[PDB]
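Sequential numbering from 1 applies to the first sequence in the authors' numbering.
Backbone N, C-alpha and C fix where the C-beta goes; we use that ideal spot for every residue, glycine too.
Taking it in order: structure first as structure tokens, then the write-up.
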Amino acid sequence: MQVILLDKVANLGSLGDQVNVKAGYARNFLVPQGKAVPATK
RNA sequence: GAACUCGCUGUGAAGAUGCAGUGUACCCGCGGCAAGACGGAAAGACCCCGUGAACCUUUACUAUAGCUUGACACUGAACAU
Ligand SMILES: [Mg+2]
Ligand SMILES: [Mg+2]
Ligand SMILES: [Mg+2]
Ligand SMILES: [Mg+2]
Ligand SMILES: [Mg+2]
Ligand SMILES: [Mg+2]
Ligand SMILES: [Mg+2]
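Structure follows, in structure tokens:
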């Protein structure tokens, strides 16, 4: 899955970029706590 | 099935009231007995057959519920080997 980040998650990514992350990771953690949004543009 | 429904000996799907020979016997009831009518009942239960049935068994065949194994999915993160 592709996510547009909204924060600096000290694991892997910085703000405002599209990054390939596990679908479950994005669905359960990133999206539900801000941090990221899906890459729909 | 219909009967004007005797005994014997034989013959005969091979154990005869009914065929042959022969003996006996007037016609008809009533009370009894139960030897025969292969008496009545039940399309033999025993036996065999049917490429018949049913239930039952098992290390008969084929499956399958269940139990169980792993892959993939729901399912992600960090790190160390
Ligand atoms: Mg005789
Ligand atoms: Mg006689
Ligand atoms: Mg009498
Ligand atoms: Mg009798
Ligand atoms: Mg009597
Ligand atoms: Mg009889
Ligand atoms: Mg019969």
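Reduced DSSP category for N28 - H, G, I as helix; E, B as strand; rest coil
helix
Three-state secondary structure assigned by DSSP to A36
strand
Residues of its chain near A39, where Cβ-Cβ distance is below 6 Å and the 5 sequence neighbours each way are ignored
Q2, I4 and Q18
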